[PDB]
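A.B. asks: What follows is a structure written as structure tokens; I'll ask about it next.
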Amino acid sequence: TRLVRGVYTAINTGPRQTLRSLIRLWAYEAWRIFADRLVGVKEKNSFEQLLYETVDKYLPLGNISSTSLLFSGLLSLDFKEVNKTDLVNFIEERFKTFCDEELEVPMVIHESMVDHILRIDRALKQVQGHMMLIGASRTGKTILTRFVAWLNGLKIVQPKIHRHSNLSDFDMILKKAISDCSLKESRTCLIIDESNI
Amino acid sequence: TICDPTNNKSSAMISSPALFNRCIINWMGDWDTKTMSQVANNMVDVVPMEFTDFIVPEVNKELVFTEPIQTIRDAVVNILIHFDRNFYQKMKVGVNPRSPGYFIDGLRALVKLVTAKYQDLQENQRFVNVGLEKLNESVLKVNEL
Amino acid sequence: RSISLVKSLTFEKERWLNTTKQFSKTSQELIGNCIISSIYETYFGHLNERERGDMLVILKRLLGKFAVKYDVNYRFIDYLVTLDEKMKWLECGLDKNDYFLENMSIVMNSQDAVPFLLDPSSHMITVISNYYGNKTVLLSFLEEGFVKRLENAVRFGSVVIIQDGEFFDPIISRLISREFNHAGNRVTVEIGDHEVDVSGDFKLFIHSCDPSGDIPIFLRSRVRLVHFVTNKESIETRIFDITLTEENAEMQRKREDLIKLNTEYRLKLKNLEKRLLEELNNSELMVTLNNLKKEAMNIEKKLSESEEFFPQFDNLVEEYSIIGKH
Amino acid sequence: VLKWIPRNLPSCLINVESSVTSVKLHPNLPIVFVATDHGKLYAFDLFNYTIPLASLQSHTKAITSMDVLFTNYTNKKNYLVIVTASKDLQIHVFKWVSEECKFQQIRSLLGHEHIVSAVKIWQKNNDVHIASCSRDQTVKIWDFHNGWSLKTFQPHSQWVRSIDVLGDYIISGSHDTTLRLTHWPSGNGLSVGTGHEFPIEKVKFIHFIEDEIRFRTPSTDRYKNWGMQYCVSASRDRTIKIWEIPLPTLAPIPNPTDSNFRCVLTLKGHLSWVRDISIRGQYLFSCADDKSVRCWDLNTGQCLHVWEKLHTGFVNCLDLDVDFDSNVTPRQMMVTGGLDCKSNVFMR
Amino acid sequence: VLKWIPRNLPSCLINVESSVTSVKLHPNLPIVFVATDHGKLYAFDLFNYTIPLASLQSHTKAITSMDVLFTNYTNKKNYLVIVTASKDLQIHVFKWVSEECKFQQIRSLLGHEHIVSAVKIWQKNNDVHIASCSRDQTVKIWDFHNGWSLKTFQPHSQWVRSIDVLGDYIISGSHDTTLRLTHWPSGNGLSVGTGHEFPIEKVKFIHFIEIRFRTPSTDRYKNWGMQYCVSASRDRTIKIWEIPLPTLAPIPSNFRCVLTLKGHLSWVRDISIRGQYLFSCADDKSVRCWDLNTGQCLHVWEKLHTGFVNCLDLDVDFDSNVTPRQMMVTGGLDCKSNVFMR
Ligand SMILES: Nc1ncnc2c1ncn2[C@@H]1O[C@H](COP(=O)(O)OP(=O)(O)O)[C@@H](O)[C@H]1O
């Protein structure tokens, strides 16, 4: 069902499609729905081979690796496959502005960063869409989440949970965020960390 | 945001069906050698390294994580990546995620150190050359008289 | 006068020719030395001596494999520690061990990260307090009013040492991760629920005298962790010092005074050798050069005189080693 | 006359040392003033543009905006005044010495507590004022001659990003997505306008002109007596909106039933944030991060001509010549400044 | 346009620590680069010339030459590339980061065994190359990206003192008074030229522009792409030569001295061609403007520097990517540099 909804959302906000465009879009949605939870590189390669075999068997196209598919609406008026270097330059300038405006952090932009912020973007563009980011510390999780939320015009709420805090303070923070979201229509991105539980 | 998947509390979050059914799981994991190489190449492209002779080594392809080695910078990046892997192997981290924090911090320290060291080296050499020229000129003047 | 000046400067000419010859080798080994020192600084802070040696072996294997020349006689203290730093640290009360010198150099050369001090003997609190004098402010995560005192210290610009590091309070995560906001010519950080100004004269040290404590994964990956654990050399040195102090304090005082005076003399000699070259480079001369030369010979003569006691102390050391070993 | 449309290629290309943050046109002579992220300030003759006429580094950080004015003294000698605001938390006033072709600083204005982001200059009978907004959420009014402040009001919750001045009224956009019109001398808010989903980048009045033009002609005799009806805004929302201002109770007073704007038209077609807007006759020009300049028809609300890939990077600012004023003759030229450290000039 | 002539006084006066040995001009911005005997490199803003934009001790001995280039990639971001050679036996390749107004050392070129004299830069479709000559009588060619040499040859029994590059052909002037043209990629001598009685100081091609010598004579020369060249030596004489067409992998034969300019009181140091005229500095503290058509001196800037006048720079007028601005800079032995604008 998630794959179906993703395909519909991409088509409804996309340009005139062709068969190759449709197949690449379907492959990108399959990647995001299925293979983002995979841990090992071996499993990812097996999934790529599975995609190739499925396309050959049922739907007889370029290279459909994870980094070879870059669909985004950040560079145009509609969801479409974008070029890598244009996205890199756009993200670099946007991040310069973001550092100058919110928090100065010397971040170096690489390809996996671009991919991760693209998928965080597609997740925050949905309705009732939430994230669970899993990775080593100091891999840019919170920074990228804040950057993408800033791009989409969300309001960031990091709970100020510290030592000597209890259920009342967390409840107050949650109630405040909920009340803002409802009575003030403040679209909010709540960042809950494992150290806050 | 989850740093340690195997914690007592974080595994409870990942297991919790209320969260697991609504959330979208994005297993960022840790950095691969390609991301490491890109970051290192970007950081060490502003420091004076290629100021000396360099004979390109002959090493196995799987030991090379960058493009084929042509200059000192590629050697430095490969060395840093290799040492990071070896250090995390010896310290017996196991399967626990490896933060790239040591790698990044080492890169920044290397830049900040190479700059000053190179500047000091050339300034001292210039001072020595000027002193030698002064002594030779004085000797020539003495021989004149 | 000219001939005498040339004859006096013949030694400087010899040194300068030697330096000119060594320039190529120094430039060839520069990058390898810098790589080794940086890795030593960012990885070896939380390893004992054996692990440091093994990792140096691995790193030197890697450097040799990729054709990056380095100093075969490399030594961290020689490369990254100056005489002034050694004198200041020793006067502040640091132990005389080489391991403590390396760890202090690691701690004092971290302008970006916050040094975390695992010091079970609580010696480094006193050492740092002596180093920074009046600026030092002592706090701990286990007290009340901690947040307000920290805000006052940040605003004013004190040097802060927070004890009980195993009880980290995440209310200072912005200070830990250096997530500031620049407001024109002002720098603001959000501690608690309100922004404060960062003076720029403000440093942070986290101290904990509890090995096998607990460091949250947020804090561990953002601090420079340094261990101050006693080793064989420190125990032997302390035992010998106590034995000599309780046996014959005259030799003890004489040895200490000679050591300190010799260190001062070598520092002054280095300063003179630098100043002579600067005087030549900034061009009267025939007078200042001779004055500096005479001062250099006087200091060298005093240093040569001061070396007539060291054999006695070596004999004394050989006479007392069994106590240290046992 | 006024239906001049620029051609497909610029007639000049100016190279500078940093990103161009603001550009301006001399209202009398063929001269262009250019600002950069280094805080420099250039001046290029429009026929020999390979060397600047003069340069000046007065600020220590990036210049954010600038504006010019040719003084019209009715009984003194006229000259050109240039005002630049930067992230130095300061505003510097310059005088352009034409015969020697040099800049001449006059004074600096202090008092803002954070990044100043806009300035404006206008002249009354024989008075000159300066308006400025900054991140401290304060809009200040200054006296050109005395040099000290005359008013200071805070009309927004977020920080004000842009302003415009028409007589005694100042309309301001902010980092919050809301517009607001206040009466300057009394410092009282009059009406607000919402509808944008991203911070406001530009905002300015649509001055009345004699001719027919859709939004440049009054609707009631009350508007004729009040002198203005419509305003235009640009935001990071990739949209340009035309608003119609409600009439206040003339010192004015906010009518509670009529204290909100009314977006009468929304222009879409840009691919990214819209950075600047300018109005000439029946056309509205705009530049955006998509490396392009649009030209909209005010009557039908359509995009008549597109200038794709004019710059290799973001297009920071435009500048056309004011046409609604009699003292400024609307010459046929416009200038664009971009992130690629280049400025294009269209002539004739 | 191309007929601009400098005024009788310099618009700017720049003071440095030591004798100025080489001066270059930023192709796009009003910035001048200065190198001295102390190995220090300077970048001066042409409107605030009391403090350098940046400064840098690049070498440990005197700098002997330098050259600049604005890269033009058809795919990457373009930037200015600065290359300097000194008596350190090393060549340093810098990069001008206009965003921060500072230098950026990229790499260094090594292999010459004794003091280097001159350097050159040029760009192919997407390839950037460097050239050099030294007292060890070797001419080396380098790849700007990889950094290692691509060609080496010895075109003179004595040591080369000046070179210039045009396509695939390089002409070198030695301490021995003979010039010589060689074919770069294959390293084949094509012809020589004699007639000077003192060591050469400079040599450069004359490029075809749309003038007496800048226009091809025959169709075969048009196909070849060059006909003439100029050189100046301690003979106090500037000579315009003619390159005999080779046996076109070219195969080899004498340079015909079809003109000679005299009048300088000392050694002619540097030359530069701007459209019709020709500019030349010399040790007699003078700068001369020579009409290429008549071959006669037009204007003289006497007593420009107290000491020798070392080098001149003018914007290239024959390149589609270098707009020929109206300015020139003169570097002198007296720790001063003169700038003429408009
Ligand atoms: N691409 C990168 N370049 C530089 N530093 C990076 C990069 N990615 C992560 N970091 C480092 O990670 C930290 C910021 O990431 P952050 O989101 O705060 O970490 P996490 O969310 O994993 O706890 C900084 O220390 C920063 O230097």
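Every residue, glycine as well, gets a Cβ built from its backbone with ideal geometry; the counts of neighbours run over all protein chains shown. Rule-based calculations on the coordinates, nothing more; no lab input.
A.B. asks: Give, rounded to the nearest 20 debye, the magnitude of the charge dipole that the protein assembly as shown has about its Cα centre when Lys and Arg contribute +1 at Cβ and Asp and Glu contribute -1 at Cβ. Provide the component values of the computation, followed by the final result.
C.D. replies: Working: 159 positive and 156 negative charges, 694 e Å.
Value, rounded to 20: 3340 debye.
A.B. asks: Let me have the 222 nm mean residue ellipticity of chain C computed from DSSP H runs of 4+ only, each contributing -39500 (n - 2.57), with the sum over all residues rounded to the nearest 500.
C.D. replies: Result for chain C: -20000 deg cm²/dmol, rounded to the nearest 500.
A.B. asks: Report, in whole Å, the centroid distance computed from the Cα atoms of the stretch D:279-340 and the stretch D:64-128.
C.D. replies: So the separation of the two Cα centres works out to 24 Å.
A.B. asks: May I pose another question? Over the whole of B:64-76, what's the average partner chain Cβ count within 10 Å per residue? Rounded to a whole number, please.
C.D. replies: Working: counts 1, 0, 0, 0, 0, 2, 5, 5, 6, 2, 1, 8, 7.
Per residue, the average neighbour count from other chains is 3.
A.B. asks: May I ask you to work out the translational diffusion coefficient for the stretch E:1-112 at 10 °C, viscosity 1.306 mPa s, via Stokes-Einstein with Rh from the Kirkwood sum over Cα pairs, reported in whole µm²/s?
C.D. replies: After rounding, the answer is 105 µm²/s.
A.B. asks: Farthest toward the dipole's positive end in the protein assembly as shown, which of C:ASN134, C:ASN185, D:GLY301, given Cβ charges of +1 (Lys, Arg) and -1 (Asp, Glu) about the Cα centre?
C.D. replies: After comparing all options, I get D:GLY301.
A.B. asks: Can you tell me what share of the DSSP beta bridges in chain C is antiparallel? A percent to the nearest 5 is fine. Before the final figure, lay out each step's value.
C.D. replies: Numbers: 7 of 24 bridges.
Looking only at bridges with both residues in chain C, the antiparallel portion is about 30 percent.
A.B. asks: Dividing the Cα convex hull volume of the stretch B:1-56 by residue count, how many Å³ per residue is that?
C.D. replies: 135
A.B. asks: Also, quick follow-up: Assigning unit charges at the beta carbon (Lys, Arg +1; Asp, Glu -1) and nothing else, what dipole magnitude in debye, to the nearest 20, does chain D show about its Cα centre? Display every interim value, and only then the final one.
C.D. replies: On the way: 37 positive and 33 negative charges, 30 e Å.
It works out to roughly 140 debye.
A.B. asks: Continuing with this model, one more query. What fraction, in whole percent, of alpha-carbon pairs in chain D exceed 31 Å separation?
C.D. replies: Value for chain D: 29 percent of Cα pairs lie more than 31 Å apart.
A.B. asks: A further question on this structure: In Å and on Cα atoms, what radius of gyration and Dmax does the stretch A:65-197 show?
C.D. replies: Gyration radius and largest Cα-Cα distance of the stretch A:65-197: 16.3, 49 Å.
A.B. asks: Just list whichever of E:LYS3/E:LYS40; D:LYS291/E:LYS40; E:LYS202/E:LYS303; A:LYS44/A:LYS155; E:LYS140/E:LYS202; C:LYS65/E:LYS124 have alpha carbons separated by over 29 Å in the model shown.
C.D. replies: The answer is E:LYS3/E:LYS40; D:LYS291/E:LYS40; A:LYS44/A:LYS155; C:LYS65/E:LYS124.
A.B. asks: Cross-link candidates for D:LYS224: which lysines have Cα within less than 19 Å, leaving aside residues fewer than 8 places away along the same chain?
C.D. replies: Those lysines meeting the cut-off are D:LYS204.
A.B. asks: Turning to a different aspect of this structure: Could you work out the helix-only [θ] at 222 nm for chain A, with each DSSP H run of four or more residues adding -39,500 (n - 2.57) and the total divided by the number of residues, to the nearest 500 deg cm²/dmol? Intermediate results must be reported in sequence, preceding the final value.
C.D. replies: Numbers: 7 runs with 105 residues, N = 197.
After summing the helix terms and dividing by the residues of chain A, the value is -17500 deg cm²/dmol.
A.B. asks: Per residue of B:108-120, how many C-beta atoms from partner chains lie within 10 Å of its own C-beta, taken as a mean?
C.D. replies: Average per residue, whole number: 5.
A.B. asks: Continuing with the same structure: What's the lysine pair count for the stretch C:255-325 at a Cα cut-off below 29 Å, pairs eight or more apart or interchain?
C.D. replies: 23
A.B. asks: Suppose the Debye formula is applied to equal point scatterers at every Cα of the stretch E:233-279; what is log10 I(q)/I(0) at q = 0.20, 0.23, 0.33, 0.34 Å⁻¹?
C.D. replies: Values, matching the q order: -0.80, -0.90, -1.22, -1.24.
A.B. asks: Follow-up. Putting +1 on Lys and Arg Cβ atoms and -1 on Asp and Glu Cβ atoms, find which of E:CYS289, E:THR50, E:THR260 reaches farthest to the positive end of the dipole of the stretch E:11-342.
C.D. replies: E:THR260
A.B. asks: In addition: For chain B, what Kirkwood radius comes out of the mean inverse Cα-Cα distance, in Å?
C.D. replies: Over chain B, the inverse of the mean reciprocal pair distance is 19.9 Å.
A.B. asks: So for chain E, taking the charge dipole from beta-carbon charges (+1 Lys/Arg, -1 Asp/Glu), which of E:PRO199, E:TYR277, E:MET328 sits furthest toward the positive end?
C.D. replies: Going by the charge dipole, the pick is E:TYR277.
A.B. asks: Percent antiparallel among DSSP beta bridges with both residues in the protein assembly as shown, to the nearest 5?
C.D. replies: 90
A.B. asks: Moving on. Per DSSP H run of n ≥ 4, the term is -39500 (n - 2.57); total these for chain D, divide by its residue number, and report the mean residue ellipticity at 222 nm rounded to 500 deg cm²/dmol.
C.D. replies: Rounded to the nearest 500, it is -500 deg cm²/dmol.
A.B. asks: Dividing the convex hull volume of the Cα atoms of the stretch C:93-217 by its residue count, what figure in Å³ per residue is obtained? Don't skip to the end; give the middle numbers.
C.D. replies: Values: hull volume 14.3 nm³, N = 125.
With only Cα atoms used, the stretch C:93-217 gives 114 Å³ per residue.
A.B. asks: Can you pull the Kirkwood radius for the stretch E:48-165, inverse mean 1/r over Cα pairs, to one decimal in Å?
C.D. replies: The Cα-based Kirkwood calculation yields 15.0 Å.
A.B. asks: While we're looking at this one, here's another question. When the Kirkwood hydrodynamic radius is evaluated over all pairs of different C-alpha atoms of the protein assembly as shown, what value in angstrom, to one decimal, is obtained?
C.D. replies: Over the protein assembly as shown, the inverse of the mean reciprocal pair distance is 36.8 Å.
A.B. asks: Something else now. What fraction of the Cα pairs in chain C, stated in percent, has a spacing above 28 angstrom?
C.D. replies: 58
A.B. asks: When the Cα centres of the stretch E:204-263 and the stretch C:54-131 are compared, how far apart do they sit, in Å?
C.D. replies: 66
A.B. asks: Just report the Cα centroid separation between the stretch B:74-144 and the stretch B:36-65, whole Å.
C.D. replies: That distance is 14 Å.
A.B. asks: Can you give the Rg to Rh ratio of the stretch E:197-265, both from alpha-carbon atoms, with Rh computed by the Kirkwood formula?
C.D. replies: Numbers: Rg = 13.4 Å, Rh = 13.3 Å.
We get a ratio of 1.01 for the stretch E:197-265.
A.B. asks: Using the Cα centre as the reference, give the magnitude of the dipole from point charges on the C-beta atoms of the stretch E:130-169 (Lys, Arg: +1; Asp, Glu: -1; all else neutral), rounded to the nearest 20 debye.
C.D. replies: For the stretch E:130-169, the charge dipole is close to 140 debye.
A.B. asks: On the Cα set of the stretch C:237-300, report Rg and Dmax in Å, please.
C.D. replies: 18.5, 57
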